[PDB]
Each structure stands twice: as structure tokens, then as C-alpha cells.
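S.K.: In the first instance, please consider these chains from the complex; the rest will follow:
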Amino acid sequence: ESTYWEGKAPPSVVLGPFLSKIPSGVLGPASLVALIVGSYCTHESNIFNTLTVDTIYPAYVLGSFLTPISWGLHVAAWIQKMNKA
Amino acid sequence: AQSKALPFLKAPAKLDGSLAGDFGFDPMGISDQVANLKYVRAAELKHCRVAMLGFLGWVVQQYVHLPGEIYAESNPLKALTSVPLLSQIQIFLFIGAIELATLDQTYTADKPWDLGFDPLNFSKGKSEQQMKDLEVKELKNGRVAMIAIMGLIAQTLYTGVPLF
């Protein structure tokens, strides 16, 4: 326990007992891939092609949800990297 | 493990031994919030008795009716509206008169379901094992009736056929 921290990086326990054991070399590339996929899904559902009732595409929607997620994945990747993991 | 109904789960702490009909069936752990099992057992037994009477009335009204015309409706849910409000208010007042004294009784007593109702003295002379067996019979039959009366209500509301 003791999620409180004062050093350079928080302890790996703040990532939960599922991300605490992911190597940073896995989280990092996974975070970048998720960010790219989410940005592309957002730019394909909107921006590049205007949205319409007949075109919603749960893949692009679910995808776009990987952009907010990506943020968390690379934050966890940095936390793991600084904690020698 | 300790549940007989769900042989894999362990029952909650308050489900043990006494209070016949205890088969360890409380997966959601509702018993963990109630201070005791007295009130919930009283409510379960009241539901069991009301459901037994409801199933019996459902079947009898399906087959037997009073001589008057106002009681000639075969569908119980349709008879709920066809029967004059006088009969229903009389039934409700009788139930409330029975219910107020038991309202004083239930929230404080050790056996709130024990209303002292035994006009035929079916329990006088019975041993403890026989009494517990009778309680188990009552609880079983009541649970089955509850399921059955809810099924009858649902099938009448969904198909209009009050029986079968």
C-alpha cells in the first residue's frame, strides 16, 4: 500500500495489480499504438468524413475511446520505466 | 461449501443451524445487513402464507364462484376490477385490523412470525423435530407458491389465460 510518494516517480502500486506487472517496454509501444489507432478512428468517424446517422461505426467509436485511454497507458509506461520495470 | 442450495459458495455468517428452511441461500449477502433474521423470516413467512392463499384462490376462482353475479368473473385480474369496491375494502379493512396488532408485535418479538394461530391445535403434542419438519414444509410450500403465484400473474398479464 502507501500510494503516497515524494521521490521522482510514484511506486508501481498506484497502477493497480494489473498494470503494476506490465513491463514498460510493453506499455510504451502499446500506448503509442493505442494513441495512433484512436486518433485515426476519430479522424475517420469525423473530420475526414462528416458524421451521419447511417455512419456511426462502433469500431471507430470504440476506437476513439483508445485516445483517452492511451493517455493512461503511457502515463503508466513512464511510471513503470522510472521504477525499474 | 456450506450452502446446500449453492454447494459451491460459502454461506453468510447469519445462515446457520436453527431457523428451519436454512439452506445457505443468500448469495447477495442480504443477511449481512439485517441485525437478525427475525424480521426477514417474518416477512418471508407472511409472503409464503399470502402466496399459498393466493394460489388456492386463483385455482378456486378459476373453477368455483359464489352464487352472486358480481363474483362471476373467471379471470382473477379481471375480477379485481369487476368485483365491487365494497367487497375489496372490507377485505382490506379485515387485513389491516389483523395487521396493526401484528405491526406492534413484529418489530420487537423474538418470533414475529408466531402469531399464535393454531385453532385446530395441530402443534399441541408435537415434538421439536416434528415441529421443525412442519416449519420446513410450510416454508417449502410457500416458496413454491410464491413462484407459482407470480407466474400466474405474469401469464395472465401477458397472454390472458389465467391457468395453463
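M.R.: Noted; the coordinates are in hand. Numbers count the residues shown, from 1 in each chain, chains lettered A, B, ... in the order given.
S.K.: Give me the outermost residue of chain A relative to its centroid.
M.R.: In chain A, residue A:54 marks the outermost C-alpha relative to the chain mean, sitting 29.0 Å out by CA atoms, centre = their mean.
S.K.: And the top helix by length along chain B, what does it pack against?
M.R.: Taking DSSP state H as the criterion, chain B has its longest helix at helix B:128-159. Applying 3 or more CB pairs under 8 Å, 6 or more residues apart in numbering or on different chains; DSSP states H and E, we find helix B:128-159 packed against helix B:38-63, helix B:76-82. Backbone N, C-alpha and C define where each C-beta goes, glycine included.
S.K.: Identify whichever of the ones you listed lies nearest to residue B:164.
M.R.: Proximity to residue B:164 (CB to CB) singles out helix B:38-63 among those, at 9.3 Å.
S.K.: Okay, and the spatially most central residue of chain A sits in which element?
M.R.: The centre of chain A sits closest to residue A:70, judged by CA atoms, centre = their mean, with a distance of 2.0 Å. Using DSSP states H and E, residue A:70 falls within helix A:66-82.
S.K.: hey, C-alpha coordinates of that helix in CSV?
M.R.: Extracted in CSV, the C-alpha atoms of helix A:66-82 (Å, rounded to 0.1, in the frame of the first residue of the first chain):
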residue,chain,number,x,y,z
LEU,A,66,-8.4,4.5,-27.0
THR,A,67,-7.3,8.1,-27.2
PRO,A,68,-8.3,9.0,-23.7
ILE,A,69,-7.0,5.5,-22.7
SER,A,70,-3.7,6.0,-24.5
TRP,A,71,-3.1,8.9,-22.1
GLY,A,72,-3.3,6.5,-19.2
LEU,A,73,-1.3,3.7,-20.8
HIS,A,74,1.7,6.0,-21.5
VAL,A,75,1.5,7.5,-18.0
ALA,A,76,1.7,4.0,-16.6
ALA,A,77,4.5,3.2,-19.1
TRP,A,78,6.6,6.1,-17.7
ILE,A,79,5.8,5.1,-14.1
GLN,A,80,7.0,1.6,-14.8
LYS,A,81,10.1,2.8,-16.6
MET,A,82,11.1,5.0,-13.8
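S.K.: how about the strands in chain A?
M.R.: Per DSSP state E, chain A carries no strands over any range.
S.K.: What segments of it are helices?
M.R.: A:16-19, A:24-45, A:58-64, A:66-82.
S.K.: can you state the direction angle for the second one and helix A:66-82?
M.R.: Spelled out, it's helix A:24-45. 170 degrees (axes from the mean of the first three to the mean of the last three CA atoms, to 10 degrees).
S.K.: buried stuff in the helix holding residue A:70?
M.R.: Using 16 or more other CB atoms under 10 Å in any protein chain shown as the test for burial, helix A:66-82 gives A:66-67, A:70, A:73-74, A:76-77, A:79-80.
S.K.: Need those in CSV (columns: distance to residue B:40).
M.R.: Listed next are those as CSV, based on distance: CB to CB, whole Å:
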residue, distance to residue B:40
A:66, 47
A:67, 49
A:70, 49
A:73, 47
A:74, 51
A:76, 45
A:77, 51
A:79, 48
A:80, 49
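S.K.: List just the nearest of those to residue A:27.
M.R.: For the buried residues of helix A:66-82, the nearest to residue A:27 is residue A:77 (3.5 Å; CB to CB).
S.K.: sequence below should go in as chain C:
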Amino acid sequence: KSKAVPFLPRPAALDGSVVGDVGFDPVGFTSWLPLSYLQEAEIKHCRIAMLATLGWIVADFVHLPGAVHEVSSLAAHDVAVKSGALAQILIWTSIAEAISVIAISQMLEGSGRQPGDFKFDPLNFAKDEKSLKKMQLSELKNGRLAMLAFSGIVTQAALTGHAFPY
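M.R.: So, slotting chain C in with the rest:
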């Protein structure tokens, strides 16, 4: 060090389990999740796939106690969700799975429930530990084979239209 993959080292979380531990985890999923949860998921997939493979094969051969059951287990899904059978099976499956959450949560927390154990042996096909371990290994091998077989069955029966050969 691994028994299944001689090149890669033995997985850290796989030492011995009567479920058929041959040390096959190249991606190290056992490090991610508790081994017990993965075992429960694998056994659930095994049983579902075995039932589904048997049902697909049988329902294409002899399944017509009525009119709406005159389908070829490929158009059966839509026809029988329209009929209402799949709704009932889903209701009971949902009840069983909702109970299974507590079973999975009672393990991973304490208790003694082995993964995939529901104490369902009404006919007592398994008697002692040796029979239990042997038949657990047999069940998991059959379930993996059934997973792959059902995958093949659906992929082939969607890549073409045919009977049992697919």
C-alpha cells in the same frame, strides 16, 4: 526450461497443475492475470466450445421436432432468436454467469474453490484424486480441441454452404 516450448524459458507462474501444465505461455499471460482466473476462463471456453461443436454437428444432421427447427445451424441463430428459444437460453445463462461472478470472486479472495469447479458430479464419474486429475486433463484437452474445431466449423460453414465436411 519449458516443456511445451523448448526454446523459450518455462513460465514463472506455471510449475504444477493437474489442468495440463506443460508450460505453454510464450506471451507470459500468467504474469498479467492470476493463474486461477485464466484457468476458470479456459475451462469455461472449453465447456462452451464442446457443447457448441456437438450441437452444431447434431443440429445439422437430426434436428427438426417442429417447423421452425428446419434450419442448417448457420441461419439457425437469427431464426431461433426470432422464435424466442435463444432468449430463454440467454436468460438462464445470464443467471448462471451472475452466480459465477460470486464463485470467481469467492476464489481469488480465499475459500478453496478450484478453477472451473462447480461440484457438479451427479453421476460420480470421478471417484478419487487420480481419476479427477486424469479427467481434468482429458476435459481440458477435449475442450481445446473443441475450441479449434468449432472455429474451423464456423469459418468453413461461412466460407461456403455445405454439410458435415464443411
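S.K.: In light of the added chain C, please revisit the buried residues of helix A:66-82.
M.R.: Within helix A:66-82, judged by 16+ other CB under 10 Å, the buried ones are A:66-67, A:70, A:73-74, A:76-77, A:79-80.
S.K.: what number of residues lie near residue B:39?
M.R.: Residues contacting residue B:39 under the criterion other CB atoms under 10 Å in any protein chain shown number 15.
S.K.: if I look at it, how far off is residue B:46?
M.R.: In this structure, residue B:39 and residue B:46 are 11 Å apart, going by CB to CB, to the nearest Å.
S.K.: What degree of burial does residue C:120 show, as a neighbour count?
M.R.: 8.
S.K.: ah, wrong one, I meant residue B:88
M.R.: Residue B:88: 12 neighbours (other CB under 10 Å).
S.K.: now swap in residue C:99 and tell me
M.R.: Residue C:99, neighbours per other CB under 10 Å, totals 15.
S.K.: Helix or strand: which one has the closest residue in space to it that isn't next to it in sequence?
M.R.: Of all residues not flanking residue C:99 in the chain, residue B:27 sits nearest, at 6.4 Å (CB to CB, 6 or more residues apart in numbering or on different chains). Assigned by DSSP H and E, residue B:27 falls within no helix or strand.
S.K.: Residue B:27: what's it in contact with?
M.R.: B:6, B:9, C:99, C:102 (CB atoms under 8 Å, 6 or more residues apart in numbering or on different chains).
S.K.: go with 10 Å
M.R.: Residues near residue B:27 by CB atoms under 10 Å, 6 or more residues apart in numbering or on different chains: B:3, B:5-6, B:9, B:11-12, C:98-99, C:101-103, C:106.
S.K.: returning to what we had before: do the helix holding residue A:70 and chain C meet at all?
M.R.: No - using CB under 10 Å from any CB of the partner chain, helix A:66-82 stays clear of chain C, with a minimum separation of 13.3 Å.
S.K.: Packing partners of that helix?
M.R.: helix A:16-19, helix A:24-45 (3 or more CB pairs under 10 Å, 6 or more residues apart in numbering or on different chains; DSSP states H and E).
S.K.: Show residues contacting the first one.
M.R.: So the one you mean is helix A:16-19. A:12, A:27, A:72-73, A:75-77, A:79-80, C:32-34.
S.K.: in it, what's buried?
M.R.: residue A:19.
S.K.: what's the spacing between that helix and its chain's center?
M.R.: 14 Å (CA atoms, centre = their mean, to the nearest Å).
S.K.: for stretch A:12-29, which positions count as buried?
M.R.: Applying 16+ other CB under 10 Å to stretch A:12-29 flags A:12, A:14-15, A:19-20, A:22, A:24, A:27-28 as buried.
S.K.: What ranges does chain C have for its helices?
M.R.: C:29-32, C:35-61, C:76-83, C:85-106, C:129-159.
S.K.: Return the alpha-carbon coordinates of the first one using CSV.
M.R.: Right, the one you point to is helix C:29-32. Output of helix C:29-32 as CSV, limited to C-alpha atoms (Å, rounded to 0.1, in the frame of the first residue of the first chain):
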residue,chain,number,x,y,z
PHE,C,29,-0.2,-14.0,-19.8
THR,C,30,0.1,-15.9,-16.5
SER,C,31,2.2,-13.0,-15.2
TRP,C,32,-0.6,-10.5,-16.2
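S.K.: still on that earlier bit, now do the same contact list for the residue nearest to the centre of chain A.
M.R.: Residue A:70 neighbours (CB under 10 Å, 6+ apart): A:30-39.
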